Every structure is written in C-alpha cells, then in structure tokens.
C-alpha cells in the first residue's frame, strides 16, 4: 500500500484528470495533494471556466481543444455532476487592433470551426447588454462554452477512486528521490514509491521543480474575479448571454453569463500581482485594482452588469515566458512526467492533458502532437539546476 504503478503529485485540474485516465485502465495509482481537491487554494476554483475551440493564443491548440471538448461530453454522461453548458463564446475587439481576435478568426478558418462574424452595432443588437464602439468587430463560437471546473475535478476524482485510485489528501510532498527504475516522494505522512511519476503541482511547480534539478522560469500571479448583481433580462445564460474573452485597448478580459442568478462573472486577464503561492493573500479587495479594474470594464461595455459585488474570488495563474504550456518528460528522467505553466488558460484542456499525461507516464510517448509544449524549447529558457 506504499508502492504503486504511478504516483501523481498534485491532484488538481491536470493531476486528477490523469488519475482518472490511469485508473480507467486498471493502473494502480496514488494521487497526493496538499489539500482536498477540489479546493480554493490552487488554480481551479471560482466555479466556472471558459472552453474555446477557435483559439486566440494559437491555432495549434485547436486539436487538443476539440479532443478535450469530446472528453468533457463523455464526462457529462458518466457522472451526476454538471460538467458543461453550451453558452457559446464571444470574442471581440477594436477592428484590426487585436492580435487575439485575429488569431481566433484565423484558427476558426483553418480548422473549419462553426462561427458567426459580426461588427459594430450588430454586436449590440444581438446581445442587449453589450455596448461596443462601431469600429469593433467580433467572432462568436456558438458550440463552445462553460465548464464547471470544481464539478469536473470532483467527478474525475469519484470515478478514479471507484476504479481503485487512491487519493492521499492534506499531504504536502516535500521532496523527490528519482532513480533509473523507480521514483520516490517524501511527505510528513510517509514516503511512497512507484515506477512512474507525474508532477502537476500548479502554482507550486514554480517552487518545487528545483527539487527535480529543473530550473524553469515560472511565475505565479494572483488573479481575481468578481460576481456582480446584473440585469437578468440581459445577462442570464437563460436569455443566451454568452461567455466571453475580449481585447480592448488596456488589455484582455473574460467573463460568464449569470447562472441561476449568481451574477455576471468577470476577470481581468492581462494584469495580476506577482506572488508566491505560500504567502499570497486570498482575500478579494485587498488591492484597489481587484474591484476597480473590473468595474471600469463593465461601465464601458456591459453597463447593466455593473451592480453590487456579490462575491469575489482570488485564484492563481502560473506563467511561462511564452505563455505556452509545459507537458513533457523530464529531460533526465524518462519515468517522470511534468505538467506545468498553464498560464491562465489551461483548464479547458485538462481532460485532454489527463489523457496525454497518462500516455506519457505509461509509454513515454503520446498519440497527441505536443511539440509546442516541449520542456526543452528555447522560448522557455529552461535548464538544469
């Protein structure tokens, strides 16, 4: 009960998905987490997460986006927890002045994705509640939408445990001991060994990968989101208000329609405070920017959603220099798999990454093309310690 086929350190978004994929195949797995997933100390809380297919960060993410979407529909059918709502996703910005909008459109064209292209008042007409200038243009993806992130992790966990996966909670891994033919982790609750290791500690990857002789630039950011009292006749998912990710002059913002009257949810993507996951302040409102940055967007583009602040949440991104993920084998240990640096946009791919991680851990290879997430790519600035 202390040696396993595979050990996953960090059973959050990526780790729990990998655990489900491994258990599903009869592989004896141990998932270890410092807390009890899903929780509010990592990067997966706040209830909802956007999934987009036409991908503004890069058209090369489309295949993984589509596989992940199919896997989310499979999860929906396997659990009693709500997984996905097809709100559609709206992307807009000043015409010819948004690289994000442009790449989303190009990604759609290249993968033959279903989208609606509109501009100026056509946007305001279609979605009462949105007020953009006449020079703005947009691309709407009707078949993408919103995932209930905490539900996703809970379902994957329940399914994996039912299949035999063991989950050791409130147990912080403090060190690693890797050998040619096995792996070992040290915790205050005991040491555990296995044949393969998957490391997916989220924001903590920036602090602990050095324990694996890895020196990779990874910066954790404090990123808040606020839920606002809104005009339900305009912003409710029931009246088809969409999820959105947009780029305006001062940056990128993302939001969600109000679900069951929870209020419209908004986040500012471009800015966040550089922090350490062990000292970060998880209280919303301690920095003037928390609420002011959100209201400045709402007052200008979605005025009817600028009501009382119903709830605020504080979460973390873990950025790489090029803002692309790290999914690969440890350069010096083929029996160690690393999943890190999701840079604020990886939850939607967590179902697909779970699959990738499972394959890398069991075979050292994957049917997916993950070259752009290579741990040895130059733009990363990686090296040994």
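Rigid core here is just the name for the largest C-alpha set that superposes within 1.5 Å across the two forms. Numbering follows the first chain given and starts at 1.
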Positional deviation of Cα atoms in 4 other deposited structures of this protein after core superposition, greater for 51 to 59 or 35 to 43: 51 to 59
Segment of higher mean CA temperature factor, 117 to 125 or 272 to 280: 117 to 125
Entry-level comparison of average CA B-factors, 315 to 323 and 66 to 74, reporting the higher stretch: 315 to 323
Top Cα B factor in the deposited entry, candidates 171, 200, 193, 135: 135
186, 158, 247, 141, ranked by C-alpha B-factor: the highest one: 247
Modelled-residue ranking by C-alpha temperature factor, third containing residue 370: highest
Residue 111 by Cα B-factor - lowest, middle or highest third of the modelled chain: highest
Residue 235 - Cα temperature factor, lowest/middle/highest third of chain: middle
Third assignment of residue 259 from its chain's C-alpha B-factors: middle
Modelled-residue ranking by C-alpha temperature factor, third containing residue 165: middle
